[PDB]
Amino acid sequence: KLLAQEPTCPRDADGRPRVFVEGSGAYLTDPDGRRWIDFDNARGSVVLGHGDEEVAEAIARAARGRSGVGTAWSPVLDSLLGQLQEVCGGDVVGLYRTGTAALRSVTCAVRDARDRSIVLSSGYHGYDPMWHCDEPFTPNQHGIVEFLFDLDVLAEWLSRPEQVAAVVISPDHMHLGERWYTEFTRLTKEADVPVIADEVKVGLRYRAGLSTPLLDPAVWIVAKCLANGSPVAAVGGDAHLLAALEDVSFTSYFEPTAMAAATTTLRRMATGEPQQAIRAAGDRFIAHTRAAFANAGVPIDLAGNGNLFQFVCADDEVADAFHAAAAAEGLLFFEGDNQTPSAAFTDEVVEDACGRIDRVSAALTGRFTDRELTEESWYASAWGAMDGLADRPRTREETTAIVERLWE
């Protein structure tokens, strides 16, 4: 009753936040002592695992003042900035406390440097009201045009390239492939319009770097993979587009526990070793689950890979039944959105999770055999998880019909 905000979090079927009292690695414990396997992982920001020991020891030393103070530049900051530039590229780098703050700051800075008013956007960029819009494909009151990853609309807006400050996208790799990224980059290069790659979710997710070499971002942002859940985001890119960042400073800039979390995690994510382990383990879970449902006649498929995947259900009634059965087995999925295992999702947790999925599959068998995964199923599922239109062959008239069906 006291909270004015509505934070995104796991909720029961009555909409009440699920409470978890502790976590370790891949397991959460609820107030009754029941253990759940976490695939949500603070919306994909816990990539090493809850309570990771190396990060925990670094945070504890930082909390005791051993690794610098919030008052001043610390011996480890240069190494953080240098590694961010080595891994992600760019002339210059910047730090923020949320993805939302980073996205607003760089978008305003790029727009100011470009002295142009229109920003073409796809994907979620945070909670700030500058991104709110009543309708797609037209400018909101902040000059932002949502284009739902539709390249026909993008091409039309880029046909008047001089009024476009930038194109900002949150890259998705479950439903957008090589053809989409090749054409996206072709259009933006042709228009000579800088690209802001919002990689808050996919930067460092798949490898020690940004998510695809088919993008040539003028500015990038990463965050969820950077600090095992501690509140750090980073940006980098062309110096002149980020000139306005000279005005950015905030009180907790040098706070040592955030710095310990980001440096310790980035050093490990820069080895590529966590992403390779998660990919293998998550891929085994996906393969098992896809086969389990298909053999049981359960109309649920999967998209994505071990690092980041989603469930595709025939309809919302199947999805509701799936989520209720998953919760009953102690599987904690980010409902309707993307599942992101951490490095604590090891071979033994995979076996546990596969066993829980066997019980989920048994619980759904015979209930929805008549339902089919349709083109509509895939569009609706993708929309819920990557905030726009899947790259599936479609006509322009179908684009309109899908958007009218799925908007709001």
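Counting begins at 1, following the sequence as shown.
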Problem set entry | Higher-B stretch (mean Cα B-factor, as the entry records it), 381 to 389 or 11 to 19 | 11 to 19
Seminar exercise, completed: Of 316 to 324 and 216 to 224, the stretch with the higher mean C-alpha B-factor in the deposited entry is 316 to 324
Exercise. Which has the highest CA B-factor per the PDB entry: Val46, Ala363, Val69, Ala63?
Worked result: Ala363
Exercise. Which listed residue, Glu86, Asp78, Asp192, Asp172, has the largest C-alpha temperature factor in the record?
Worked result: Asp192
For this session: Name the third of the chain's ranked CA B-factors that contains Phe293, choosing lowest, middle or highest.
Result: highest
Problem set entry | CA B-factor ranking of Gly229, expressed as a third of its chain | lowest
Exercise. If you rank every modelled residue in this chain by C-alpha B factor, which third holds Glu53: lowest, middle or highest?
Worked result: middle
Problem set entry | CA B-factor ranking of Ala353, expressed as a third of its chain | middle
Exercise. Which third, lowest, middle or highest, does the CA B-factor of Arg104 fall in along this chain?
Worked result: lowest
